[PDB]
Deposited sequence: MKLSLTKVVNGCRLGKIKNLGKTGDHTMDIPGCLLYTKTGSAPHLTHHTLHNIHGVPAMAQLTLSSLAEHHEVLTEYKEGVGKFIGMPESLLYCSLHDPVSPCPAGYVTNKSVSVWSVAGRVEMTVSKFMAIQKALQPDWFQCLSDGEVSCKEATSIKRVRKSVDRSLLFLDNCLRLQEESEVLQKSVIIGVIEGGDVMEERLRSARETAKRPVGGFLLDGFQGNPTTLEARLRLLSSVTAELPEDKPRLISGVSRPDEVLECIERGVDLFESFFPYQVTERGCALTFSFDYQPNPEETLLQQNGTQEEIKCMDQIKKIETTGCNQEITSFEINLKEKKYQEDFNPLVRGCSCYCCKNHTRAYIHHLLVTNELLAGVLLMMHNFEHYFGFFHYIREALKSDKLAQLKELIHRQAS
């Protein structure tokens, strides 16, 4: 993998990652996002419906929470998860947790972190974690890590320290296990920057992780309620400073368009696309402008009666399947009558709109019109 920067406007890194995914090359753009999935399918969408979307990201995020239960099955399939889930054309990043639900936390111990599934708590030792990675064969995978800091609010400085030390211990063990296996060689490991709200431990985490031969870094624990971020936003830029620039920066739990822009300012490259999913799930549609649990400002609520007779598309000019082929009035009916097509059509548009947003970020960055974009984004509905 090689990251090349087209430009660096303000603190914002515009570029491409060229030799990605083992098989030849797959050019992936920064800054960018990752197709959010549940059990390896995009939520609500089959291949048909997925490929009906313009600007689907090259890489797709999947999570151990859903896949680990079926370690056995995947071990028997012997051909890796991409082919199993019928996404063979896609690059795959395996995260430890689903960002929409990071509530359970692993009950991390020195010898075990645990994801949460339908079955229940799945206790993964390092060996088991690396075993699962063998079965899955993703392009990228987050290394087993201790991210519980954010979950609790106590943040005992001794706890914060353990989060860093544990994460580094896991990283070093996993690196060795990768050395031994040929298959695993082909996978790229992602280091997890940690340290919570303690500046010192954040910098310590950043440097020590960077010392390892990881392919990229995950910025954990900045995931927070909307108000909290501005605070941790300073800590963010402190940390990215300590990371080498020739390696990509992932962040977890940040998908809100506003927060996204800001993290790009602080030199973050890759984002989860779970925000469009959450919007979909509450019967809402992304309407905010980019072209140049509370319902947010970026969206309208199609459950509302104002839309029962509104025969405009969701967003005028949106080339997605739904806006082009259907009206708000129609979606309103679908939601009201509790039909599964509501979700499919909402997911399709919400994804396409979000994917369009990123396209205009990169475009803005080329013309240093990003500040104007910030303002256009904060336009209401």
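In this entry, the deposited residues absent from the coordinate set span 293-325, 415.
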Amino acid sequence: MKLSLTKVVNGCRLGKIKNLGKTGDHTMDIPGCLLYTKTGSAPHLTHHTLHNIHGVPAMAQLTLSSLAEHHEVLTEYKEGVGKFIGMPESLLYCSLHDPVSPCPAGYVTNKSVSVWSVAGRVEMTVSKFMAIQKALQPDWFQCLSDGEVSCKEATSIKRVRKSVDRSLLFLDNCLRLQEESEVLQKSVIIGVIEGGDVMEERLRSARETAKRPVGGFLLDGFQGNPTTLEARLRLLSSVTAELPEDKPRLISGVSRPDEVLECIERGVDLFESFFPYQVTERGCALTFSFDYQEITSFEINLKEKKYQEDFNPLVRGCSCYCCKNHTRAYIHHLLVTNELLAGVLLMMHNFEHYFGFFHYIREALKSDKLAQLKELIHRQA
From here on, numbers count along this sequence of modelled residues.
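The PDB entry records a higher mean C-alpha B factor for 206-214 than for its counterpart among 272-280 and 206-214.
Between 344-352 and 26-34, it is 26-34 that carries the larger average Cα temperature factor according to the deposited entry. Out of 83, 303, 97, 232, the entry records its largest CA B-factor for 232.
Annotation for residue 138: C-alpha temperature factor in the lowest third relative to the rest of the modelled chain, per the entry. In the PDB entry, residue 221 places in the middle third of its chain by CA B-factor. Residue 185: CA B factor lies in the highest third for its chain, per the PDB record.
In this PDB entry, the Cα temperature factor of residue 122 sits in the top third of its chain's modelled residues, the highest group. Among the modelled residues of its chain, residue 79 has a C-alpha B-factor that falls in the lowest third, as given in the PDB entry.
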